[PDB]
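Structure 1 and structure 2, given next as structure tokens, are two forms of the same protein chain, each shown alone.
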Structure 1
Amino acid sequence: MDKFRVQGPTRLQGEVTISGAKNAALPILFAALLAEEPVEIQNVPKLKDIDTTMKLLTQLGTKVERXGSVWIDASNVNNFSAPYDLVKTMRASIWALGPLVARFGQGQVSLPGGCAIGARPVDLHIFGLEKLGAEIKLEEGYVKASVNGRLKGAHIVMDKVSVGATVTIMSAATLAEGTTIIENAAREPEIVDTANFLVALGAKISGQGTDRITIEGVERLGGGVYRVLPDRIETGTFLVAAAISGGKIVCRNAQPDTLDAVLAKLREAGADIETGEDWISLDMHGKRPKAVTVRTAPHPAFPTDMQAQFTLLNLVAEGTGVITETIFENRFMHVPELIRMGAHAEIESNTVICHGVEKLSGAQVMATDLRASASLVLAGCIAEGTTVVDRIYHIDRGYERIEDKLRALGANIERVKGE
């Protein structure tokens, strides 16, 4: 069980090159099942879920190869069932369903949590596919979809904003007959990237990034080359790393417009920020951050995946600031660990009241959530002494070699094997 041993305090300064977003690469890799011609997906990070996805695609008959790119040939997909052993570690496997039924008229995906009645994430995917004309059967541990001929466009009102179901419905709609209009569509940049990838293959999609997406179906999709957009949360994490350590950083291979709310909140904390077409610079001019108010909400508002990192920023800031979590009004496990490093905070309801302190102290800490865990590593970089962050494989599933990128910024950090 790997751990990171960090020695602080260190001012983090320099540059970092942002990896492609795993959360955009995943939906794009599943959407590639729709492609009749070869596809090259560029800037794909090397992370576990990408490997899991490639193995699942291969089981369906797809030919897949990878390096920085992932090359796909789905011309001969010939098995339309995603089995239990290949889906059990990744809920995103459900994204194979829509493309399979849309292209081949049938598909099925194993459900590890069962088919028992009650409300589940898969419900909105089923809802949308049934609106497009698919018959959905929940039998023998699978969700199975089928349709005679092509799906048919429909006006679909999602009663909850859902990235997963938005992707399923938008992707399947690309091959339906007619027009599909998705209301209350998720607006995430990863949805916009998936939409633009589909358009690159020949789909017709507009409104992506807004609450309403319109897809005009076509008979078949082709192939091409598409580059996955930068990971905005990895970017935010490194910006916060500089913001809490009196540092200065330039993030390369970045996309500023995916972080409007984050950059505005960092400017409130006193950061001097500039942006270019593909870079963001942040400079604290050696100053401690000023406390800020944070309220998470659906994109384009402040992202819940940056909440832990901004909780840490407030805990070393000047002033009392409040973090309100509306998405997972209970994602606060980083708080008790930061208190053990000297932070002052009280969790009340779905909020954390932060009273900033000048300096944290090293401690042995651990969190399962990868953003809370990454926040603990950043805390170790600025705390006095030695910090040991345990179970960092969680971080490894979402960040490529974070210790190397942090070391390039001046951190004293070492990956220790089995302690």
Structure 2
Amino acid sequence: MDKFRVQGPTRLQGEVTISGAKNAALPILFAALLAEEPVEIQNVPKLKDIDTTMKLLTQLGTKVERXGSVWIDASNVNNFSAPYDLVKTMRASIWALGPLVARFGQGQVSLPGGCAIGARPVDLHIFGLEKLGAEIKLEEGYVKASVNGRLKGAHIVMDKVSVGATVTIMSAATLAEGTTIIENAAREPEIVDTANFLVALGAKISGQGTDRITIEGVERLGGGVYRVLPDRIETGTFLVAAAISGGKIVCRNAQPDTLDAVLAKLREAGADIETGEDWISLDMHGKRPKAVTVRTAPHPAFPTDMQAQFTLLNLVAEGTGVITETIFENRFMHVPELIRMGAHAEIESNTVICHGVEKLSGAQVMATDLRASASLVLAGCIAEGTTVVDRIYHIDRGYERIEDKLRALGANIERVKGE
């Protein structure tokens, strides 16, 4: 298993060009299963989840090719059962189900994998497809969906906010007979991006970005070209990298309006932030951040995908800060690893009480998920000495070229094979 060896401390400063969103590219690639004509999806990041997705689509009979763009021809899709080996390596695999049943009348997918930060059920996806008329049965380790003829539009009220289920329902609804109204829909920027990609193929969707999405089903979707929006979590990660290291960083190919809460929280921490149409700069002026209070919640509130990174920020900040995680139940394992690097924190139910220290110390650390792993690498950049972060393949799932980007910002980093 590869590891990153980091020698700190190093100020992280300069510029970085943000890649397309991991979490918009994924639902768009699965939505392309609905397309009868060639599709070109632009600005797709080179991530392990994207590679897994391309392999999964190919196994269903999709013809896929990629470079910066990914080309999809789903005209000959003819196998409606997704293989367990690909399905279980990430979360996005659940999105194959709705498109398959909506377009072909049937689809089978195993329970997904992905960030091991909670039980992460898919009951809401099941709920929504059933509301659209699909029969759902759990057999042989598969979630099997089927319908005789078209799905039927429905007024669907979500009992809980779910990014994934909102995408599943909105996507399947595009080929349903009639109108679907999703109430209490997730508002994430990736949902807006997926909706607009669907519309480019001929779908009729309005309300994306709000809590109510209305879809008017059509007979079929064609093809088209669509550019994936910038990755707000990769952006937030590098803004935090500047903030915790006293540097100034300018993020290019950014979309400022997807980060209102994160930018506001960084300003509370003392950051001097400026934004333009497609860029964001952050200058800490060499100053230590001020501790802040953070509570994760559905977009547009502070994102759980920036939680581990802000935990690191508070742990090197001046004063006592708070991190409250309301979305996932097992997303604090980066904490004991940072404590081994010298941090001071107490976990109390779904909250971490942070007591910032001036400097962290290098150590052999490991996280079992994407954002926590990236956070340990940032901690290594600012700690004194050598930090070795094990199992960094987790980072490959969500960051394109994090090694080259961090090195361009000043990091002393090396990828090693290790034992």
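The first residue in the sequence of structure 1 is number 1, and each one after it adds one. Rigid core (definition): largest C-alpha set, two forms, superposition within 1.5 Å.
A.B. asks: Superposing on the rigid core, does the Cα of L86 end up 2 Å or more away between structures 1 and 2?
C.D. replies: Yes; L86 is a residue whose C-alpha shifts (by 2 Å or more) between structures 1 and 2 when the cores are overlaid.
A.B. asks: Once the core is aligned, does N253 move its Cα by at least 2 Å between structures 1 and 2?
C.D. replies: After core superposition, the displacement of the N253 C-alpha between structures 1 and 2 stays below 2 Å, so no.
A.B. asks: Roughly speaking in whole degrees, what is the angle the smaller rigid part turns by between structures 1 and 2?
C.D. replies: It comes to 10 degrees of rotation for the smaller part.
A.B. asks: With the two forms matched on the core, what distance in Å separates the two CA positions of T166 between structures 1 and 2?
C.D. replies: The alpha-carbon displacement, core-superposed, is 1.1 Å.
A.B. asks: For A116, tell me the Cα shift between structures 1 and 2 once the rigid core is superposed, in Å to one decimal.
C.D. replies: So the C-alpha of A116 has moved 21.0 Å between structures 1 and 2.
A.B. asks: For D193, give the CA shift between structures 1 and 2 in Å, the superposition being done on the rigid core.
C.D. replies: Superposing on the rigid core gives a C-alpha shift of 0.2 Å for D193.
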